[PDB]
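Everything below concerns the one structure shown next.
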Amino acid sequence: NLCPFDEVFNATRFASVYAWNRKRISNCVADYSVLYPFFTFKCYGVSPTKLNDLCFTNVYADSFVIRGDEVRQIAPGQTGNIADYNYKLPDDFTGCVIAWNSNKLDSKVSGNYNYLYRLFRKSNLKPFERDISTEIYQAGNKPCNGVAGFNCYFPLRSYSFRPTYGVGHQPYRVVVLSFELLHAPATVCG
Amino acid sequence: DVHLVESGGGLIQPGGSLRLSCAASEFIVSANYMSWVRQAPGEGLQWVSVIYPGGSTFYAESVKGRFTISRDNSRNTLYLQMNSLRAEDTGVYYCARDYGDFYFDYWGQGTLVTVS
Amino acid sequence: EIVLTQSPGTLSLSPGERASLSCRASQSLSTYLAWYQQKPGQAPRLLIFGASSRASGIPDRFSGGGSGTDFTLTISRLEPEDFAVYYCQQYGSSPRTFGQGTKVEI
């Protein structure tokens, strides 16, 4: 039995970080031998050397695309635009983060504007909270009235992805795995 | 009424503490990226600190652990508490509205802090 | 901390029609640079953001264009009000570093 990691990691086109794609994995043998280019592999709270021999209830695969400078924000207890308003990990996070450069796929000479991130948000984000609304942000006492003028801006800002940009600004495909152990009989066992 | 007005600057003996206030009109400080930028006399600009709408705060590497940025939503004021002031902190401080964390759209008139 | 260097320390033109200010970055910024103008004894005023986009209220005489490491700010006609100090600021990385400033004279 094979867990559907092929669809997760080798997806043709990922989603923006403001609306990140969550996939639930259960009832399959989870083998991490598949995770075998130049990528970052950070595991929090678990021993990465024996993820294959570790049996637990649910796997949550969350996939999103961010810049290279924002990869370090995907970690427990980190503060930043992505962490605060787009995607936040909890303090006690039992899982792993996998990020790899994707300049070949998610960049074009004209510029890639299919990816967006939430810039303006009144409050912070609870862990694993998804903010999809696109209402105009009120930065002043005057109403936005559904119009985007002074002190009333669209909350979603597009990324600028070009092949000629530096490594820090290049698009990075990030997949974070959240492992959940439940009192109910687990059904993900490598 | 887009004005930003700063106050609280003045002469302080080194190692002393001083609190700067930035009163804002037509700006909701709780809903905006606010920044403090200082200019030494006859020198270039140097960003000091920024506070996010959510509450996250960041400081320049030369001022962390001694400068604290804060906001009061009731009086719509931006505060900057600077403790253990050194002689290189002298200059004119500005409160600015940072569009996101990119650039400062508006600037206050600035107030002068002189360390002895 | 991308050190930002402005090639002309001072720039002395008659109040006619020409101006050019260059800002160079150590590593690439990718159109993440802004231009401010500081009149003497006054707060800085934002002119250009995104290295090519004007802000509200600044007239058509101000234009800017650049990408990567070299950025340029030009003034169509140099009206007397434009004789001040100009700064190039970056937001590609943290922190937001400024240039030394370029002062325009008559």
Side-chain angles (χ1 to χ4, degrees), chain A residues 17-18 66-67 69-70 72-91 115-127 129-131 133 135-145 148-160 165 168-169, chain B residues 1-6 22-37 47-61 63-80 94-108:
Chain A
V17 75
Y18 87 97
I66 64 188
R67 281 165 37 182
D69 300 334
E70 318 165 344
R72 51 92 172 169
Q73 293 183 41
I74 313 288
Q78 286 284 349
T79 70
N81 52 320
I82 300 300
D84 289 13
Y85 309 136
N86 291 282
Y87 189 84
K88 180 157 187 59
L89 270 66
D91 290 352
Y115 289 114
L116 297 83
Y117 62 95
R118 184 166 314 263
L119 177 68
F120 293 115
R121 200 190 191 274
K122 284 181 209 67
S123 164
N124 282 312
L125 208 63
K126 323 292 303 301
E129 195 190 357
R130 219 189 163 216
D131 204 5
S133 47
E135 198 71 286
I136 301 100
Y137 195 81
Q138 211 195 355
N141 74 320
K142 283 318 173 62
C144 310
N145 215 18
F150 182 47
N151 283 349
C152 279
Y153 323 108
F154 200 69
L156 300 181
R157 196 138 183 285
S158 57
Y159 281 112
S160 295
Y165 284 12
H169 299 109
Chain B
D1 297 356
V2 188
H3 310 82
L4 301 153
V5 178
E6 304 99 304
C22 170
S25 194
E26 210 186 0
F27 280 145
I28 300 301
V29 174
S30 86
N32 277 276
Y33 294 74
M34 287 306 171
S35 279
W36 279 105
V37 193
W47 162 79
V48 181
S49 160
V50 61
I51 192 182
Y52 288 175
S56 294
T57 70
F58 300 113
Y59 314 87
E61 87 295 340
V63 305
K64 63 168 62 76
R66 44 198 288 268
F67 284 32
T68 80
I69 197 178
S70 65
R71 48 170 73 171
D72 196 13
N73 308 355
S74 48
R75 292 90 51 90
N76 201 23
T77 310
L78 189 77
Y79 293 116
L80 181 64
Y94 302 93
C95 64
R97 207 186 66 101
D98 199 327
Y99 191 87
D101 205 9
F102 311 138
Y103 53 87
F104 319 102
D105 195 330
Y106 292 88
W107 299 63

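These numbers come from the heavy atoms of this one structure, side chains and all, not from hydrogens, waters or symmetry mates. Naming convention: chains lettered A, B, ... in sequence-line order (proteins, then strands); numbering from 1 in each chain.
Heavy-atom distances place the side chain of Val2(B), and not its backbone, under 4.5 Å from chain A.
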Distance-only donor-acceptor pairs under 3.5 Å across chain A and chain B:
from: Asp84(A); atom 1: OD2; to: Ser56(B); atom 2: OG; distance (Å): 2.3
from: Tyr85(A); atom 1: OH; to: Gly54(B); atom 2: N; distance (Å): 2.6
from: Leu119(A); atom 1: O; to: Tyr33(B); atom 2: OH; distance (Å): 2.3
from: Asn124(A); atom 1: ND2; to: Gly54(B); atom 2: O; distance (Å): 2.9
from: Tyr137(A); atom 1: OH; to: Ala31(B); atom 2: O; distance (Å): 3.3
from: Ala139(A); atom 1: O; to: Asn32(B); atom 2: ND2; distance (Å): 2.9
from: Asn151(A); atom 1: ND2; to: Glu26(B); atom 2: O; distance (Å): 3.2
from: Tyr153(A); atom 1: OH; to: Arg97(B); atom 2: NH1; distance (Å): 3.3
from: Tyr153(A); atom 1: OH; to: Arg97(B); atom 2: NH2; distance (Å): 2.7

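In this structure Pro143(A) satisfies the side-chain contact (heavy atoms from CB on, under 4.5 Å) test with no other residue, sequence neighbours excluded. The side-chain contact (heavy atoms from CB on, under 4.5 Å) test applied to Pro127(A) returns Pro90(A), not counting sequence neighbours.
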